[PDB]
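Architecture and fold: a report
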Amino acid sequence: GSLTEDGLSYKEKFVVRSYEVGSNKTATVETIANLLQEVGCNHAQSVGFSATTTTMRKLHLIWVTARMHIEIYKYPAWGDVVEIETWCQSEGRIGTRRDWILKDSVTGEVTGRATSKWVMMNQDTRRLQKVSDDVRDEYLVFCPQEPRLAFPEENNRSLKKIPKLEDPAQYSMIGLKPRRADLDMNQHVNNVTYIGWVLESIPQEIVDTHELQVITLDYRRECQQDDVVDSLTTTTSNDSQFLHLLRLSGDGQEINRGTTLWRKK
Amino acid sequence: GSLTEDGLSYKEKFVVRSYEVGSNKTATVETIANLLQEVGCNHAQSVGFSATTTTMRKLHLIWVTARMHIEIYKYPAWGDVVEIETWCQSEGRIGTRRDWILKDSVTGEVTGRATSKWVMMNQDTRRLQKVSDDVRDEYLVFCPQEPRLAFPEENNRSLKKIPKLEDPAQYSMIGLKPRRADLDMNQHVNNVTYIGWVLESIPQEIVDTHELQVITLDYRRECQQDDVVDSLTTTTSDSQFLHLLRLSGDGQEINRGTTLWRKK
Ligand SMILES: CC(=O)Nc1cnccc1C
Ligand SMILES: CC(=O)Nc1cnccc1C
């Protein structure tokens, strides 16, 4: 991978692996989400970040994902080369945004796009806080100055408000627990595992006859290594739309909410 | 990746990814096992398989893993390039064997090695089969003729008999279930998931202070998508452990294994 000529974005190619594909012999949405996270990490390393700045490490501050929105037009087949371009942008004191564009390396066509919202949080107390000017000036030299949006449209799905699923859920998958492969290098549950847990409550017949087109996921609280999760889904709708909720098995504390859109194969 | 000059083995380079590493910032044994499986699939593709031959597809026959044995000296760090070489060999009527050698791309030093035993099985009835001459001849042209062993040493750990863990287990992790990310393209549980499930019953303090050096795993039966597994571990000793994966209900054995860990 490499930063582009202007040094304001990063590109990387990936060859789709045998264990990364589903029943259709094409990359799963979890493989796509892992590759977005990997290109994001390589962009941060290429410009000197950990994505903590110098001020952040002094004040015990970290960037955490608040929302992930992904739209896939074509999932790359096993053995195909996908090219991913990523860039960041400041959203004032609210936080930052990371965007991605996925392309077929052979045709050059856009096969997917993603956008994510990140907020500043104290690592220890878990208290969210606005972006200070001292931090903002350390990362603005690595962002495009004019707005560059993966989802530019006026009323796009990436900024829609997601409601809370009401009991009883139409479908559910109970007692989900993370294993060591679900944890990152800091022993925290990987953001992609939550995408998998959400999808677990979609019936197998929908997965067998439909393709996932859009997924929007809000991250409210994290799941600890010794926590247990319940995944809940209710149909809200040719296309099939679902409302999703991940909550802790015991007290029912919300960890995530989301929506998925599926199109008939 | 590519077949070597003689066309009897296959090499491929991998850059270690951010999500592939554990708390030590080096590749997990599950990442290593996924890469071995990936280089194995690329070797099969390069010579025209898929690893079913022409007569295997007609007879509804498949290769299934009976045993996996892996030894790691150094786990590659995040961002490091690892080179993996793989080859196959006939073991007469018993089945076939796939071997691997892992190297650091910069130094050229051997950082790990693996060996696996595969048996012929009817995909529908699940009945084990002897290979037979017609199938044997269809793949022997892709194997080295003289023996080439990743674990040559007489009396090596790769061929040791593994006993059945007796109740009560010292440690356990119960109610393990596969999710869709644990399934392969044929909707079967990926062989690497069983390695993860075995490791789940090792206490976190052993993982925090030791490094896994050797893992031997026997595959007795498949875990289905709607099955639930219990992972059991007992210390037998370096730290050595005896392992058992069994179905949560009836207690039917799915796997047994051993691990060896060295103090960091
Ligand atoms: C805060 C932020 O978005 N940081 C970042 C990380 N990696 C590459 C570029 C940037 C601007
Ligand atoms: C049965 C067997 O070992 N097959 C194989 C698959 N891929 C590459 C080479 C070979 C010989």
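Positions along each chain are numbered from 1 by the written sequence. They may not match the entry numbering, and residues without coordinates are not shown. The naming scheme follows written order: chains are lettered A onward, ligands numbered 1 onward. As a rule here, side-chain values come from all non-hydrogen atoms in the structure, and water together with hydrogens is ignored.

Method information in the entry identifies X-ray crystallography as the source of the structure, with 1.858 Å recorded as the resolution.

**Re the interface of chain B and chain A**
Contact definition: two residues touch when any of their heavy atoms are within 4.5 Å. Counting residues at the interface gives 43 residues for chain B and 42 residues for chain A. Note: buried area is the sum, over both parts, of the accessible area (probe 1.4 Å) each one loses when the two are combined. Here chain B packs against chain A, burying approximately 3400 Å² in sum over the two surfaces, 42% of which is carbon and sulfur. Among the residues of chain B in contact with chain A, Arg179(B), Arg180(B) and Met185(B) are the three that bury the most area, contributing 25% of the side total. What makes a salt bridge here is a side-chain nitrogen of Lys or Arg within 4 Å of a carboxyl oxygen of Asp or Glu, nothing more. Taken together, the links from chain B to chain A amount to six salt bridges. One salt bridge in this structure joins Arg179(B) and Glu30(A), with 2.7 Å as the shortest N-O distance. As used in this structure description, the phrase polar contact means that two N or O atoms lie within 3.5 Å; if the pair is within protein, one of them must be able to donate a hydrogen and the other to accept it, and residues adjacent in sequence are counted only when both atoms belong to side chains. Where chain B packs against chain A, one counts 18 residue pairs in polar contact.

**Quick notes on the UniProt feature "active site" in chain A**
All names here are of chain A. UniProt positions are given in the numbering used here, feature names are shortened, and annotations may be inferred rather than shown by experiment. Under the local residue numbering, the UniProt record ascribes the feature "active site" to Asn186, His188 and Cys223. A stretch of 38 residues holds the annotated residues, and the largest C-alpha distance among them is 13.6 Å, short enough that they meet in one place. Helix and strand definitions follow DSSP, with helices as H or I runs of at least four residues and strands as E runs of at least two, each counted in order from the N terminus. Assignment of secondary structure puts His188 in the loop between strand 8 (171-176) and helix 4 (191-200). With a relative accessible area of 29%, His188 lands in the partly exposed category. Each residue gets one of three labels from its accessible area relative to the maximum for its type: buried under 20%, exposed over 50%, partly exposed in between, using a 1.4 Å probe on protein chains only.

**Focus: the UniProt feature "active site" in chain B**
All names here are of chain B. UniProt's entry tags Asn186, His188 and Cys223 with the feature "active site", counted in the numbering of this structure. The residue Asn186 is located in the loop between strand 8 (171-176) and helix 4 (191-200) in this model. Within the secondary structure, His188 sits in the loop between strand 8 and helix 4. If near-sequence neighbours (up to four positions away) are discounted, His188 is found in contact with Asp182, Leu183 and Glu222.

**Here's the deal with the state of the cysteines**
Covalent bonding between the sulfur atoms of two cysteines defines a disulfide. Residue and element names in this part refer to chain A. Put simply, a disulfide is two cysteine sulfurs that come within 2.5 Å. The tally for this structure, following the rule as stated, stands at zero disulfides over all chains. The closest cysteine sulfur to the non-disulfide-bonded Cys41 is located on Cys88, 11 Å from its own sulfur. Residue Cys41 is classed as partly exposed on the basis of its relative accessible area of 28%. The thiol of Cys143 is unpaired, and the distance to the nearest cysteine sulfur, on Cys88, comes to 5.7 Å.

**A look at the site of ligand 2**
Residue and element names in this part refer to chain B. We call a residue near a molecule or strand whenever a single non-hydrogen atom of that residue lies within 4 Å of it. Residues in close proximity to ligand 2 include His43, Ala44, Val47, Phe49, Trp63, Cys88, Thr96, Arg98, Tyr139, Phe142 and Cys143, which together make up its full environment. Measuring from a nitrogen atom of ligand 2, one finds a backbone N or O atom of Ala44 at 3.5 Å. Accessible surface area values rest on a Shrake-Rupley calculation with a 1.4 Å probe, where residue burial reflects the displayed protein chains alone. In isolation ligand 2 offers 310 Å² of accessible surface; the protein chains occlude 98% of this area. Counting residues per element, the ones that place at least two in the shell around ligand 2 are helix 1 (29-46) and strand 5 (96-104). Polar here means any residue outside two lists: the nonpolar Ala, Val, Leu, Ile, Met, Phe, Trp, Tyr, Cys and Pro, and the charged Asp, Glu, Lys and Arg; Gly therefore counts as polar. Looking at side-chain class alone, the shell around ligand 2 contains eight nonpolar, two polar and one charged residues.

**Here we look at the pattern of salt bridges**
Counted by the stated rule, this structure contains 34 salt bridges over all chains. Between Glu91(B) and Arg97(B) there is a salt bridge, with its nearest N and O atoms 3.4 Å apart. Among the residues examined, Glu91(B) registers a relative accessible area of 26% and is labelled partly exposed. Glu211(B) serves as the salt-bridge partner of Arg262(B), at 3.0 Å between the closest nitrogen and oxygen. Residue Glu211(B) is classed as buried on the basis of its relative accessible area of 16%. Taken together, the shared-partner salt bridges connect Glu71(A), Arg113(A), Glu153(A) and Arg157(A) into one network.

**Points about helix 1 (residues 29-46) of chain A**
Residues and elements named next belong to chain A. Over its 18 residues, helix 1 runs 26 Å from end to end, which matches the ideal 26 Å to within 8%, given 1.5 Å per residue. Among the 18 residues of helix 1, 14 are classified as buried, and the element is accordingly described as predominantly covered. Immediately beyond the C-terminal end of helix 1, within one or two residues, lies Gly48, with a positive phi of roughly 90°. Multiply 1.5 Å by the residue count of a helix minus one, and that product is the helix's expected span.

**Describing the site of ligand 1**
Residues and elements named next belong to chain A. Taken together, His43, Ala44, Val47, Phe49, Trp63, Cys88, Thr96, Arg98, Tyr139, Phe142 and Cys143 make up the full set of residues near ligand 1. In the environment of ligand 1, a nitrogen atom lies 3.5 Å from a nitrogen or oxygen atom belonging to the backbone of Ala44. Between ligand 1 and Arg98, the relevant distance is 3.2 Å, taken from a nitrogen atom to a side-chain nitrogen or oxygen of the residue. About the coverage of ligand 1: the protein hides 97% of its 310 Å² of free accessible area. Broken down by secondary-structure element, the contributors of at least two residues to the shell around ligand 1 are helix 1 and strand 5 (96-104). The residue inventory of the shell around ligand 1, partitioned by class, reads eight nonpolar, two polar and one charged.

**Some remarks on the domain arrangement of chain B**
Residue and element names in this part refer to chain B. Each domain of chain B was delimited in the assignment, giving domain 1 (2-157) and domain 2 (171-263). Here domain 1 and domain 2 have C-alpha centroids that lie 20 Å from each other. Between domain 1 and domain 2, the residue contacts involve 19 residues of the former and 18 residues of the latter. Of the roughly 1700 Å² buried between domain 1 and domain 2 on both sides combined, carbon and sulfur atoms contribute 46%. Its largest share of buried area at the contact with domain 2, domain 1 owes to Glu30, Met68 and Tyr75, together 24% of the area lost on that side. Note that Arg67 is salt-bridged to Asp218, the shortest N-O span being 3.0 Å. Applying the counting criterion to the domain 1 and domain 2 interface returns 13 residue pairs in polar contact. Mapped onto the side of domain 1 that touches domain 2, the elements with two or more residues apiece are helix 1 and strand 3 (61-72). Here the side of domain 1 that touches domain 2 takes eight residues from strand 3, the largest share from any one element. Domain ranges listed in this record stem from an automatic or a database domain assignment.

**Topic: the packing of aromatic side chains**
Two aromatic rings, drawn from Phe, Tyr or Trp (for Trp, its six-membered ring), form a pair once their centres lie within 6.5 Å of each other, and the interplanar angle then sorts them: stacked below 30 degrees, edge-to-face above 60, tilted otherwise. What the rule picks out here adds up to eight aromatic pairs over all chains. Where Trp63(A) meets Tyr139(A), the ring centres are 5.8 Å apart and the plane angle is 80°; that geometry is what we call edge-to-face. Pair noted here: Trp63(A) is in strand 3 (residues 61-72) and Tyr139(A) is in helix 3 (residues 133-139), with a separation of 76 residues, a long-range link. Each of the two residues, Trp63(A) as well as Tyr139(A), counts as buried. Aromatic ring contacts, followed pair by pair, group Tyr194(A), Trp197(A) and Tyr219(A) into a single cluster. The aromatic ring of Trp87(A) is capped on one face by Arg148(A), whose charged end is 3.8 Å from the ring centroid. Two limits define a charge over a ring: the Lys NZ or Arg CZ must be within 6 Å of the ring centre, and within 35 degrees of the ring normal. Across from the ring centre of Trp87(B), 3.7 Å away, lies the NZ or CZ of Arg148(B), which sits over that ring.

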